[PDB]
Amino acid sequence: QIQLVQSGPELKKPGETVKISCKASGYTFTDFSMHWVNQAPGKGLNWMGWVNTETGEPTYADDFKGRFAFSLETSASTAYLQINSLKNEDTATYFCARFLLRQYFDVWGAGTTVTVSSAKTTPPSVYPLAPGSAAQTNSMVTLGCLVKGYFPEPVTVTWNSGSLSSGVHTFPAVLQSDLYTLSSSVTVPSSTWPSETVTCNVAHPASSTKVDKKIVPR
Amino acid sequence: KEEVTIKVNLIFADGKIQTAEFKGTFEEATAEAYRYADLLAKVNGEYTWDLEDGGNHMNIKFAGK
Amino acid sequence: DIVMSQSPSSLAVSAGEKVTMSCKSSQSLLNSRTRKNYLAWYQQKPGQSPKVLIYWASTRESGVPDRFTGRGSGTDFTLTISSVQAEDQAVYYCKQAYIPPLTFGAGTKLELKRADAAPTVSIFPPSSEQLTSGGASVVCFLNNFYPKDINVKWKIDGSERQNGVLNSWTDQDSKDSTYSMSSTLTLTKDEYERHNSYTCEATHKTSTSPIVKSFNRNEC
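About the criteria used
Residues numbered from 1 in each chain as written, not as in the entry; some residues may be left out. Chains lettered and ligands numbered in written order. Heavy atoms only, no water. Disulfide = S-S within 2.5 Å. Helix = DSSP H or I, 4+ residues; strand = E, 2+ residues; numbered from the N terminus. Buried < 20%, exposed > 50% of the residue type's maximum accessible area, 1.4 Å probe, protein only. Contact = heavy atoms within 4.5 Å. Buried area = accessible area lost by both parts, 1.4 Å probe. Salt bridge = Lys/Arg side-chain N within 4 Å of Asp/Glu carboxyl O. Nonpolar A, V, L, I, M, F, W, Y, C, P; charged D, E, K, R; others polar. Polar contact = N/O pair within 3.5 Å; in protein donor to acceptor, adjacent residues only side chain to side chain. Pairing = 2+ DSSP bridges. Axes fitted to C-alpha atoms, helices over the stretch in contact; angles between N-to-C directions. Domains from an automatic or database assignment. Expected span 1.5 Å × (residues − 1). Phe/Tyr/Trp six-rings, centres within 6.5 Å; stacked < 30°, edge-to-face > 60°. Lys NZ or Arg CZ within 6 Å of the ring centre and 35° of its normal.

As named in the PDB entry, chain C is Fab 16D9D6, light chain, taken from Mus musculus.

Under the annotation held in the PDB entry, chain B carries the name Protein L and is attributed to Finegoldia magna.

Asker: How would you sum up the state of the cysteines? Please name residues and give values.
Answerer: All names here are of chain C. With the rule as written, the count across this model stands at four disulfides over all chains. Each sulfur in the disulfide pair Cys-23 and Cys-94 lies 2.2 Å from the other. Note on the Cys-23 and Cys-94 pair: the S-S dihedral is about 90 degrees, so by sign convention the disulfide is right-handed. In this pair, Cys-23 sits in strand β3 (residues 19-25) while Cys-94 sits in strand β11 (residues 90-96), placing the two residues 71 residues apart along the sequence. According to the relative accessible area criterion, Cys-94 is buried, its value standing at 0%. Free of any disulfide, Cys-220 has its nearest neighbouring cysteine sulfur in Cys-140, separated by 16 Å.

Asker: I'd like to hear about the interface of chain A and chain C, residue by residue, with values.
Answerer: With 42 residues of chain A at the contact, the number on the chain C side is 47 residues. Here chain A and chain C share an interface that buries about 3,700 Å² over both sides, 64% of which is from carbon and sulfur atoms. If you sort the residues of chain A by the area they bury against chain C, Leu45(A), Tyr104(A) and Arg218(A) come out on top, with a joint share of 17%. Applying the counting rule to chain A against chain C returns zero salt bridges. Counting residues per element, the ones that place at least two in the side of chain A that touches chain C are β4 (33-39), β5 (46-51), β9 (92-99), β10 (105-108), β12 (126-129), β13 (140-150), β15 (168-170) and β16 (180-189) of chain A. A per-element tally of the side of chain A that touches chain C places β13(A) first, with five residues. Here the side of chain A that touches chain C is composed, by residue class, of 20 nonpolar, 17 polar and five charged.

Asker: Could you give an account of the interface of chain B and chain C, with specific residues and numbers?
Answerer: Contacts between chain B and chain C engage 16 residues on the former and 18 residues on the latter. Approximately 1,400 Å² of surface area, both sides summed, lies buried where chain B meets chain C, with 51% of it carried by carbon and sulfur atoms. At the boundary of chain B and chain C, one finds zero salt bridges. Where chain B packs against chain C, one counts nine residue pairs in polar contact.

Asker: Talk me through the sheet that holds strand β8 (residues 78-83) of chain A; I want residue IDs and the actual numbers.
Answerer: Residue and element names in this part refer to chain A. A sheet is described by the order of its strands in space; here four strands give the open sequence β1-β3-β8-β7, paired in antiparallel fashion. Of all strands in the sheet, those bounded by a partner on one side alone are β1 (3-6) and β7 (68-73). Between one strand axis and the next, the sheet turns by 20 degrees as a mean value, whatever way the strands run. Relative to strand β3 (residues 18-25), β1 runs antiparallel, the two sharing four bridges. Pairing of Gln-6 across the sheet is with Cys-22, part of β3.

Asker: Give a description of the domain arrangement of chain C that names residues and reports values.
Answerer: Interface size is commonly expressed as the accessible surface area that is lost when the partners come together. Residues and elements named next belong to chain C. Taken as a whole, chain C is organised into domain 1 (1-114) and domain 2 (115-217). Inter-centroid distance (C-alpha atoms) of domain 1 to domain 2 is 39 Å. Contact residues are listed per partner, giving seven residues for domain 1 and 13 residues for domain 2. Carbon and sulfur atoms make up 38% of the surface buried where domain 1 meets domain 2, a total of about 850 Å² over both sides.

Asker: Outline the pattern of salt bridges, supporting the account with residue identities and numerical values.
Answerer: Residue and element names in this part refer to chain C. Under the criterion given, the structure shown has nine salt bridges over all chains. Across the pair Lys-109 and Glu-111 runs a salt bridge whose closest N-O atoms are separated by 3.3 Å. Linking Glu-201 and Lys-155 is a salt bridge whose minimum nitrogen-to-oxygen distance equals 2.5 Å. Highlighted residues: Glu-201 in strand β19 (residues 199-202) and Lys-155 in strand β16 (residues 154-155), separated in sequence by 46 residues.

Asker: Help me get a handle on the side chain of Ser9(C), residues and values and all.
Answerer: Tracing the sequence through the fold places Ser9(C) in the loop between β1 (4-7) and β2 (10-13). With a relative accessible area of 9%, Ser9(C) lands in the buried category. With residues up to four places along the chain from it excluded, the contact list for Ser9(C) reads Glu2(B), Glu21(B), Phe22(B), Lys23(B), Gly107(C), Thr108(C) and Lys109(C).

Asker: Kindly report on helix α1 (residues 26-44) of chain B, identifying the contributing residues and their values.
Answerer: Residues and elements named next belong to chain B. The end-to-end C-alpha distance of α1, which contains 19 residues, comes to 26 Å, matching closely the 27 Å that a straight helix rising 1.5 Å per residue would cover. Within α1 the residues assigned to the buried category are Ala-29, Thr-30, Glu-32, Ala-33, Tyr-34, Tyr-36, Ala-37, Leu-40, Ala-41 and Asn-44. One or two positions beyond α1, positive phi appears at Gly-45, with a value near 65 degrees.

Asker: Got a sec to walk through the packing of aromatic side chains? Specific residues and values, please.
Answerer: Working definition: an aromatic ring pair is given by the centre-to-centre distance plus the angle between the planes. Per the stated rule, a full pass over the model turns up 27 aromatic pairs over all chains. Both rings, one in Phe105(A) and one in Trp108(A), keep their centres 5.1 Å apart while their planes meet at 80 degrees; by these two values the pair is edge-to-face. You can call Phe105(A) buried: its relative accessible area is 0%. Ring plane angle 65 degrees and centroid distance 5.8 Å describe the contact between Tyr55(C) and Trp56(C), whose orientation is recorded as edge-to-face. Put simply, the rings of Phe95(A), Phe99(A), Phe105(A), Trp108(A), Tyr42(C) and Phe104(C) touch in pairs and so form one group of aromatic residues. The side chain of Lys95(C) reaches across the aromatic face of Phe105(A), ending 3.7 Å from its centre. Of note, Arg217(C) hangs over the ring of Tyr192(C), and the distance from its end group to the ring centre comes to 4.5 Å.

Asker: Give me the lowdown on the pairing of strand β2 (residues 17-23) of chain B, citing residues and values where you can.
Answerer: Counting buried positions along β2(B) gives five out of seven residues, so the element sits mostly inside the fold. With seven bridges connecting them, strand β1 (residues 5-11) of chain B and β2(B) associate as antiparallel partners. What sits directly across from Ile11(B), in β2(B), is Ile17(B). As defined by bridge partners, β2(B) adjoins β2(C) across three bridges and the pair is classed as antiparallel. Considered in β2(C), the bridge of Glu21(B) is made with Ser10(C).

Set out below in structure tokens:
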């Protein structure tokens, strides 16, 4: 009940501008300043700067002096971040964070993930994966789903709507031909497969795709 | 981060083993390696080491106590 | 700017054992006025936003387990963790806030070692609605193998090559501390039905002999 809620992942093409919000909740937004922190895929954390919430004044860190602005809307108790004319290298997650007196950040947003690229939004296709029953039987069985040929980032994956958690391994997408590939893995005793039903859930906000896939024995 | 990487095996007294990597130029890296060993030295005591693969790997043995 | 150096850049330790991370600042962060070093450590797990563990160099923030400690003053700091557990799988950052721009260390990755383990592989032929569309992906799974390195290749037997053999890896498992990858063998259908046997080759520390898993052009 005490939080910063940040806007959904953005897909831009080079040149475009993007504007991301961060909405306070559960605190007097005015009592603290807001800062911003990004992080490119696979890297470390870079401080971008801050804005004083009780005068609107935004101090930027020399790396983002330029195309970055920091505004406000106190009355909706929201901060925003604008980045002008995108570029590849702006590909990253951007964070909002509340600064305290004691000199640390307490409450982080989840980050909004900016994907800078020309590639075209596309949906997955999903394919199930099943144990063929051509050479072995083990106690335990490994069902899989596979999520092929889509852009941009994210696709979520679930097993039994969330219920199958405990022996999954969903894989990082892997870009290729301006397209991504995931896949998922699950391990259920066999005492349960036939039997119980196992279906995986995939979604691709960008393509408005939701799709369920039951995995049907061989 | 990786400009060179110095892999190190940390080897303490009762043979537990940790393993560490180092970031950077061959020389700031080799040094953070030794400076890390020293920090550990403080509790785990004095060490020795032998360098392998062009100094681009290092095993550092602590003497215990 | 105050330049933050962290060491090491990654570390691998076993459960119960003491881990120590160091952070050195290019100049002091001791604040004359306050009597407090403006030094903070954060943890960050795959997929998440960072969260503070320690601030004022040595104050532990409410709810972080006491196994977490820090110390130092000036320019030398450390972060110690007395029992590492798989949950402690992450990247740790120090951050100074003595004089802006606020700056972070490039981060120490903490990974667990555990007892070696063989993978658990599993082969999957392609799949109707996909066959139907034109392609033929084939797939293999080497989940739950400990040392992280591993390789892989595809063979319709006397054939062993690649193109479009894309693999993927996951971060260290938060439960069991192991590692896993998917291997995902793109062809075409007209070709998949024109070739042979279809096998999986799984090279690990834990076997002289590979782990091999090959499939039904007999059920399929």
